[PDB]
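Descriptive analysis of the structure
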Amino acid sequence: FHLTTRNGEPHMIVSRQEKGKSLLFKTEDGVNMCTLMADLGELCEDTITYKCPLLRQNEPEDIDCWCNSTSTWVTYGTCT
Amino acid sequence: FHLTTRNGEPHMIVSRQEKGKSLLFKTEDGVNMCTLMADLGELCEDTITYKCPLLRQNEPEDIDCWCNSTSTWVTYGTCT
Amino acid sequence: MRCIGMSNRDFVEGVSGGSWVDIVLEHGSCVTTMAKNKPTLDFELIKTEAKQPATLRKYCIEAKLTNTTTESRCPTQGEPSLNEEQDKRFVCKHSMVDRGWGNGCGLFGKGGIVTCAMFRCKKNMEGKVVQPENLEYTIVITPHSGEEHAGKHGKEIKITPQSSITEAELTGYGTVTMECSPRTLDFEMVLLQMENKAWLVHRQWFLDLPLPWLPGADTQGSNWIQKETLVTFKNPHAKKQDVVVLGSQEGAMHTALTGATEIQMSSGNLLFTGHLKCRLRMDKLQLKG
């Protein structure tokens, strides 16, 4: 995935071949591990973009993306 | 994942902890690599079961599961 | 005392001896009979219920889906099939979906796809048919003595429009003989039961309800008819298709029955406010004491 930013915050452009794998990227505050559980398809015009909240010792609820060290934005296409 | 069969064909019972990882299993015709891109959740009563087609040098379209050596059936729960 | 405290009380007496006397019994009323050298009696119709009426149709109003399975073929290779498509517990649909090189087919074009899901009913309702016969009226015959209590019940007797003339014994006075007729209560109607609460509904409306059902004489409770009424098949994809079930319809039903006469019930039996015409003979009664 391509690591960029959105208003100072880290942003992940996730491609199709990353479905099912732990997303890791270094940050001043250590290594960040986001988990993507998404309709994740091929990167195209039909993108969706939203935030993966920070979750410390809390079970996830009503979400398919979350990181454990620093909240991150994520973007991926839905095409197939 | 648990490897079983469905009418002579290989069948994969995929659990939650395998989301995002390449699925490999040996077969007479060499090693088979299926790719799961699925709503993949926890194995429960709400299962869905369908086929992952064989795809030789063709880009995938309108699918979230496919193997590259031998067509395989897949099953997983959607619970969370 | 019960009859004395009632506002609706008829006084009947025989103009002959050994003859039959007619009386009309209604819910909430009582009839007092008298005759020369015979004790005075009180009659009351207290219950009118249908016992084990024929079950017409069971309607499922809430269900769940499990083991959803999809199968599909490429353009040119006919209609796919799943053996569970022969299992009466599943709901299935046949459709066509685009196929091509991207999903394992040699040709681009429409292909046949089929999807099935096991259908499990979680809450159902049943409509019953009440036959005029097999209705059971409860009548209490109390001796008008004035004795006290605060152990002295009137004889209780249950009859059916098909039962023969009754000979009721009244401890101390002998027996009283009577016969009744359900003399005019209608039943092309149906009685709908939604979890211990019932309603009287017209037929052809009950039979038209868009919900999965099973013929009355069933016990499997699995082979539902027209399950698609609670199931929705989303647009298919090359190799998979989603199937979702509607939510409970108990509510849609409740706020749909408002207006229709509500019917009381207990112990699974339906209750009504019956009307009886009876004739009784007192030749076997005599004064106690």
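Note: the structure precedes this text.
Below or above, wherever it landed, is the structure these notes cover.

What counts as what
Residues numbered from 1 in each chain as written, not as in the entry; some residues may be left out. Chains lettered and ligands numbered in written order. Part of a larger assembly, values for the part shown. Heavy atoms only, no water. Residues with missing side-chain atoms left out of burial classes, pairs and counts. Helix = DSSP H or I, 4+ residues; strand = E, 2+ residues; numbered from the N terminus. Rg over C-alpha atoms; globule rule 2.2 N^0.38 Å. Pairing = 2+ DSSP bridges. Contact = heavy atoms within 4.5 Å. Nonpolar A, V, L, I, M, F, W, Y, C, P; charged D, E, K, R; others polar. Axes fitted to C-alpha atoms, helices over the stretch in contact; angles between N-to-C directions.

1. Observations concerning the overall build of chain C
Scanning chain C from terminus to terminus reveals one helix and 20 strands. For chain C, whose C-alpha radius of gyration is 30 Å, the value lies well above the compact-globule estimate of 19 Å for 289 residues. Dimensions of chain C, computed from C-alpha atoms along their principal axes, come out at roughly 105 × 30 × 30 Å.

2. Structural notes on the overall build of chain A
Each helix and strand in chain A was counted, giving zero helices and seven strands. The linear arrangement of helices and strands in chain A, starting from the amino end, is β-β-β-β-β-β-β. Taken over C-alpha atoms, the radius of gyration comes to 12 Å for chain A, in line with the 12 Å a tight globule of 80 residues would show. Taken along its principal axes, the extent of the C-alpha atoms in chain A is 35 × 25 × 20 Å.

3. Digging into the pairing of strand β8 (residues 135-143) of chain C
Residues and elements named next belong to chain C. Bridge count between strand β4 (residues 38-50) and β8: nine bridges; the pairing is antiparallel. Each residue of the ladder has a partner; that of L41, found in β8, is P143. The sheet contact formed by β8 and strand β9 (residues 155-159) spans five bridges and is antiparallel. The residue bridging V140 from the neighbouring strand is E156, located in β9.

4. Quick notes on the interface of chain C and chain B
Taken together, the contacts link 13 residues of chain C with 13 residues of chain B. Of the residues assigned to the side of chain C that touches chain B, the class counts are two nonpolar, nine polar and two charged. Relative to strand β5 (residues 54-72) of chain C, strand β5 (residues 42-52) of chain B runs parallel, the two sharing two bridges. Paired with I48 of chain B across the strands is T68 of chain C, a residue of β5 of chain C.

5. So, unusual backbone geometry
Residue and element names in this part refer to chain C. Positive phi values are uncommon outside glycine, yet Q226 reaches one of about 60°. Residue position: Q226 is located in the loop between β14 (213-215) and β15 (231-233). The phi dihedral of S267 is positive, around 55°, even though this residue is not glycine. Tracing the backbone shows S267 in the loop between β18 (265-266) and β19 (269-271).

6. Concerning the pairing of strand β1 (residues 2-6) of chain B
Residues and elements named next belong to chain B. Sheet topology places β1 next to strand β2 (residues 9-13); five bridges connect them, and they run antiparallel. Within the sheet, the bridge partner assigned to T5 lies in β2 and is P10. The hairpin turn running from β1 into β2, its antiparallel successor, is two residues long, and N7 in that turn takes a positive phi close to 65°.

7. Structural notes on the sheet that holds strand β5 (residues 42-52) of chain A
Strands pair in a sheet through their backbones, by hydrogen bonds, and they do so in one of two ways: parallel or antiparallel. Residues and elements named next belong to chain A. Strands sit in the order β1-β2-β7-β5 across an open sheet of four strands; the sheet is mixed. Each of the sheet's edge strands pairs with one partner strand only, and the pair in question is β1 (2-6) and β5. Across the sheet, the axes of successive neighbouring strands diverge by a mean angle of 30°, strand direction being ignored.

8. Points about the interface of chain A and chain B
Between chain A and chain B, the contact holds six residues from the first and 10 residues from the second. For the side of chain A that touches chain B, the residue count by class is two nonpolar, two polar and two charged.

9. Some thoughts on the sheet that holds strand β4 (residues 30-36) of chain B
All names here are of chain B. Spatial strand order, β3-β4-β6: three strands in an open sheet with antiparallel pairing. The open sheet has two edge strands, β3 (23-27) and β6 (65-67), and neither has a second partner. On average, each strand axis in the sheet is tilted by 20° relative to the strand beside it, whichever way the strands run. Inspection of the sheet shows β4 paired to β6 by three bridges, in the antiparallel sense. The residue of β6 that forms the bridge with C34 is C67.

Any functional reading would require information beyond the geometric quantities listed.
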